[PDB]
Student: 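Pasting a structure below so you can have a look.
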Amino acid sequence: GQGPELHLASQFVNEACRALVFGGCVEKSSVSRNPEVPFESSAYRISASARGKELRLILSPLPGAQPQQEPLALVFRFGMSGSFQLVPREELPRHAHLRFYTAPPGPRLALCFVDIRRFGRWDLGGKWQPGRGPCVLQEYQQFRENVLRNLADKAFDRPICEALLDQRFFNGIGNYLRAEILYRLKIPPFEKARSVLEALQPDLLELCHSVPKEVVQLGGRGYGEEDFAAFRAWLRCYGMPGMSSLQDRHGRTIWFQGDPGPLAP
DNA sequence: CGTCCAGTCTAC
DNA sequence: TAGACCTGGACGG
């Protein structure tokens, strides 16, 4: 997922878990190479926040819960195929790698981290990844300043389409968002990043916020196949007929219209 | 059947 | 930088 999907997943966890109470341990599938979550409580609540391409779960025991346990935080990266589902406890999806089980009273549910390809990761810390820049959705002013104050960095020597995937400066931007952002300003994707940005100190850094915010305001992204059609209708550039495509230097497809730009392969 | 396609992470 | 990490759906023979 990209920023909008991480944000919608966190909203899903908060709304779906608002009136739920979890109990017992945190179950990992046997094939996941991610760490076991050392947590048990008779009664805990689950809440979430997103920052960029990361999601933080907080496991919060209720007053009196046993064993003695302090709130525990988990940070998830989704990779290519990560998501959260709330499912009936005996109808786990195929790739449910981490599960939180509702306590009784009511229907036994499992909140699941589901990840087909297992490119997703989680850490016990609760800390955001060091080196990831601020969230383009929730920390816009910090994100904007962190870019404009470090244009000398060699990251900005690269084509703008490659720079937009660098999570130290554009935390939350992925493949579809870089195409949609550049399409709206008709910036050639192989323009030098430093050239497009030096001329800024509604612009490119503004769209790094407002474009992904549009995806959030659609809602959906899992969180029927109606909001999947809603998304495909919103896309103007990524994968669309009449658009060009090239491989960047890491073999990721950039969709665009017209001029490929000077640093084109 | 087969090939090809859809975000980090790390060994060179 | 190139390869690794993985599964499944769309498509071709």
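Numbered from 1 within each chain, the chains take letters A, B, ... in sequence-line order. For the numbers below, each heavy atom of this structure counts, side chains included, while hydrogens, waters and symmetry mates do not.
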Student: Nearest to the side chain of A:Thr253, heavy atoms from C-beta on, is which of B:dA6, B:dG7, B:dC9?
Tutor: B:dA6
Student: Quick check for you: among B:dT8, B:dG7, B:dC9, whose closest atom lies nearest to any side-chain atom of A:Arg121?
Tutor: B:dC9
Student: Please check, using ring centres under 5.5 Å and planes under 30°, whether the bases of C:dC6 and C:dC5 stack on one another.
Tutor: no
Student: In terms of ring plane angle, is the pair A:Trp122 and A:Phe113 parallel, tilted or perpendicular, where the classes change at 30° and 60°?
Tutor: perpendicular
Student: Strictly below 4.0 Å: does A:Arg77 bring a side-chain N or O up to OP1 or OP2 of B:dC9?
Tutor: yes
Student: Please identify the 5'-most and 3'-most nucleotides of DNA chain C with any atom under 4.0 angstrom from a heavy atom of chain A.
Tutor: C:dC5 to C:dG8
Student: Think A:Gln167 has a side-chain N or O under 4.0 angstrom from the OP1 or OP2 of B:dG7?
Tutor: no
Student: Between atom CZ of A:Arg121 and atom CZ of A:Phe119, what is the distance when rounded to the nearest 0.5 Å?
Tutor: 8.5 Å
Student: Give the rounded distance in Å between these two atoms: CG of A:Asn171 and P of B:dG7.
Tutor: 12 Å
Student: Where along residues 209-222 of chain A does a heavy atom come under 4.0 Å from DNA chain C, residue by residue in number order?
Tutor: none
Student: Does the side chain of A:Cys25 come within less than 4.5 Å of A:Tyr101's, by heavy atoms?
Tutor: no
Student: For the residue pair A:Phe143 and A:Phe170, is the inter-centroid distance of their aromatic rings smaller than 6.0 Å?
Tutor: yes
Student: Within 45 degrees of the ring normal and closer than 6.0 Å to the centroid, is that where the cationic atom of A:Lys186 sits relative to A:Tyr183?
Tutor: yes
Student: Looking at every strand, decide which applies to A:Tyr176 at a 4.0 Å heavy-atom threshold: base, sugar-phosphate, or nothing.
Tutor: nothing
Student: Round to the nearest Å and state the distance from A:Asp248 atom CG to B:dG7 atom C1'.
Tutor: 12 Å
Student: Could you measure between the two P atoms, the one in C:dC5 and the one in B:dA11, and give it in whole Å?
Tutor: 11 Å
Student: Could you give the distance separating C:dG13 and B:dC5 at their P atoms, to the nearest angstrom?
Tutor: 15 Å
Student: Determine, using ring centers only, whether A:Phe84 and A:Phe100 are less than 6.0 Å apart.
Tutor: no
Student: Counting only side-chain N and O atoms of A:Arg132, is one of them less than 4.0 Å from OP1 or OP2 of B:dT8?
Tutor: yes
Student: Are OP1 or OP2 of B:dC9 and a side-chain N or O of A:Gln129 less than 4.0 angstrom apart?
Tutor: yes
Student: Reading 5' to 3' and counting Watson-Crick or G-U wobble pairs with both distances under 3.5 Å, write the dot-bracket notation for DNA chain C, | for bases paired outside the strand.
Tutor: .||||.||||||.
Student: So, for A:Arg168 and A:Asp153, which heavy atoms are closest and what is the spacing to 0.1 Å?
Tutor: NH1-OD2, 3.5 Å
Student: A:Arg33 CZ to B:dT10 P: how many Å, rounded?
Tutor: 10 Å
Student: Begin with the C-alpha distance, continue with both residues' side-chain angles, and end with the deciding distance and a verdict on side-chain contact (heavy atoms from CB on, under 4.5 Å) for A:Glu191 and A:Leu263.
Tutor: CA-CA 6 Å; A:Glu191 197 54 87; A:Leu263 301 172; over 6 Å; no
Student: Using a 4.0 Å heavy-atom cut-off across all strands, classify A:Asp115 as base, sugar-phosphate, or nothing.
Tutor: nothing
Student: Hey, is A:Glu139 close enough to A:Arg51 for a salt bridge, meaning N to O under 4.0 Å?
Tutor: yes
Student: On the nucleotide B:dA6, are OP1 or OP2 found under 4.0 Å from the side-chain N or O atoms that A:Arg117 carries?
Tutor: no
